[PDB]
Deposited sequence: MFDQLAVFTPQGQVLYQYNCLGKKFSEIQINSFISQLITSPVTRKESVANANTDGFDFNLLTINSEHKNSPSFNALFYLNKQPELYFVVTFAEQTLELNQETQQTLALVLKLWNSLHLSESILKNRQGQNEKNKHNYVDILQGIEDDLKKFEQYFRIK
């Protein structure tokens, strides 16, 4: 089993979070990952692209737990799976879990919707603002409901 799943923007706004043991979600764990990533940017050594990733490129860090993540480009989004000490079996489970999440995300055209909602005035709220949860609320609850 893995520990947590999180989807968030480079600005720190959270689109989705999941804790496997039903426990209160730990922002502290995700924040220790992010702050490590800022301090130590990735190199070739952290790269993971194999059959278990469905041809997506991931990166894997150890925070002294493990964090396997994908950085989507359009729009800019982090998808991260956390877990315990590495084994053969757990690096497979996590890698297949993340590739699955992305395929399911992309099947629900969530990335495309976010980009569309940013265009023009039609989705602006009463503060003249485009809220990233604007008009993807129903697609997100469907993403929820496959977990």
Absent from the model, numbered along the deposited sequence, are 65-72, 156-158
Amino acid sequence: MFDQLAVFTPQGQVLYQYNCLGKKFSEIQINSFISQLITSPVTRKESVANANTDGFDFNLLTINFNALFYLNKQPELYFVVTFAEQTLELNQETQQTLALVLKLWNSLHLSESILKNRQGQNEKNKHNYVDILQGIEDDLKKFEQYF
From here on, numbers count along this sequence of modelled residues.
Mean B factor on CA atoms, stretches 3-11 and 137-145, record says higher is 137-145
Between 109-117 and 76-84, point out the one with the higher average CA B-factor as the PDB entry records it. 109-117
Kindly indicate the residue among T39, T53, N91, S32 with the greatest C-alpha B-factor in the PDB record. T53
Hey, what third does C20 fall into on Cα B-factor, ranked over its chain? highest
Could you place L102 in the lowest, middle or highest third of its chain by Cα temperature factor, using the values in the record? middle
Binned into thirds over the chain's modelled residues, the C-alpha B-factor of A49 lands in the highest
Once the chain's modelled residues are ordered by C-alpha B factor and cut into thirds, is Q95 in the lowest, middle or highest one? middle
On the chain's distribution of Cα B-factors, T62 falls within the third called middle
